[PDB]
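> heads up, no residue letters with this:
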């Protein structure tokens, strides 16, 4: 595989990431959309797809010295290190099933389950823009996208 | 002319630009709105003015050592070096005809032909904000705008 | 010198044509070396 996908923040050689720490509530996989809640705990979003004003908050992969990878799920009830995405960076998202990415530059909406999808940019908040031409069929595949 | 306009990216002395390469389809002029298509080719947008979710992608001027300026059109079927604009940078756009810019800070929408216009910020996507008080009459004049 | 719109390319017009064939004129090279020379006009 010439496109190795073992780091969820691949967005330039001079751009550092912005980290939002917090507590866990469930066991999600790295690369999914999050939403902070009451107390100081983070979990999956579970908001509607047609709701604006959400912050671009994805789950960073955990450190190598804590048993973390791009497919290892997080341990519940602990400190999950996340990423707030600035506009103009590339990040590996995680799409849903049965959608093909044909052109580099389509709009990336947010599904209600914590994954992303190609939606019409007239009724949902556009988070990012596609940057890789692949076709996915299993829910949970990593697709490169630019956050602008 | 005290306001020399011979570089399309004038946005600070410490901010570098983000470049999106790709192939050409037509011969557009530098400073117009682009949109990536199937394959790996770029051309003019030709989308509607009332459509959101578009990426801020303008055509950079070509290099000096390839016959490039702020008025020299690009050669078709070749590599066009473009610019993705981060929020918080100044860029020279290209407006349409018969509109005057009075106040520094109006909303900059996008016309359907690949140029920009002053539209009402309630039914179209606001790209940038004006930064120069001039009046234009010929379509294709360079007006300074901040991308926030 | 060159212009400023041509500083991206360097050239070298030394030129190289085509190669002829393999065993092109081996027979004719032997006939025309043993030939008898007659005067022109003798058809």
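Good, I have the coordinates. Residues are numbered from 1 along each chain as shown, chains lettered A, B, ... in the order given.

> Quick check: closest non-adjacent residue to residue A:105.
residue B:36 (3.7 Å; C-beta to C-beta, 6 or more residues apart in numbering or on different chains). All C-beta spots, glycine's among them, are computed from the backbone N, C-alpha and C.

> count of neighbours near the one you found?
Neighbour count of residue B:36, defined by other C-beta atoms under 10 Å in any protein chain shown: 23.

> residues contacting it?
Applying C-beta atoms under 8 Å, 6 or more residues apart in numbering or on different chains to residue B:36 gives the contacts A:103-105, B:20, B:22, B:42, B:57.

> Could you verify my assumption that residue A:33 touches residue A:110?
Yes - Residue A:33 lies in contact with residue A:110 (C-beta atoms under 8 Å); the separation is 5.5 Å.

> Now do the shared contacts for those two.
A:45, A:54, A:116.

> Could you export those residues as JSON lines, including secondary structure?
As requested, the shared contacts of residue A:33 and residue A:110 are arranged in JSON lines below (DSSP: H, G, I helix; E, B strand; the rest coil):
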{"residue": "A:45", "secondary structure": "coil"}
{"residue": "A:54", "secondary structure": "coil"}
{"residue": "A:116", "secondary structure": "strand"}
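
> Buried subset of those residues as a PyMOL selection?
Typed into PyMOL, the line below selects the buried ones among the shared contacts of residue A:33 and residue A:110, using 16 or more other C-beta atoms under 10 Å in any protein chain shown:
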select buried, chain A and resi 45+116
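
> Closest one to chain C out of the shared contacts of residue A:33 and residue A:110, please.
Among the shared contacts of residue A:33 and residue A:110, residue A:116 lies closest to chain C (C-beta to the nearest C-beta), at 41.0 Å.

> which residues sit in contact with that closest one?
Here residue A:116 is in contact with A:33, A:93-96, A:108-110, A:127-128, A:143, A:145 (C-beta under 8 Å, 6+ apart).

> residue boundaries of the helices in chain A?
Using DSSP state H, no helices are found in chain A.

> Can you tell me which residues in it are near chain B?
A:87-88, A:102-105, A:107, A:121-122, A:126, A:129, A:146, A:148 (C-beta under 8 Å from any C-beta of the partner chain).

> Return the members of those classed as buried.
A:87-88, A:104-105, A:107, A:121, A:126, A:129, A:146, A:148.

> In JSON lines: the residues you listed, plus distance to residue A:4.
Listed next are these as JSON lines, based on distance: C-beta to C-beta, whole Å:
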{"residue": "A:87", "distance to residue A:4": "25"}
{"residue": "A:88", "distance to residue A:4": "23"}
{"residue": "A:104", "distance to residue A:4": "20"}
{"residue": "A:105", "distance to residue A:4": "23"}
{"residue": "A:107", "distance to residue A:4": "27"}
{"residue": "A:121", "distance to residue A:4": "30"}
{"residue": "A:126", "distance to residue A:4": "28"}
{"residue": "A:129", "distance to residue A:4": "22"}
{"residue": "A:146", "distance to residue A:4": "18"}
{"residue": "A:148", "distance to residue A:4": "24"}
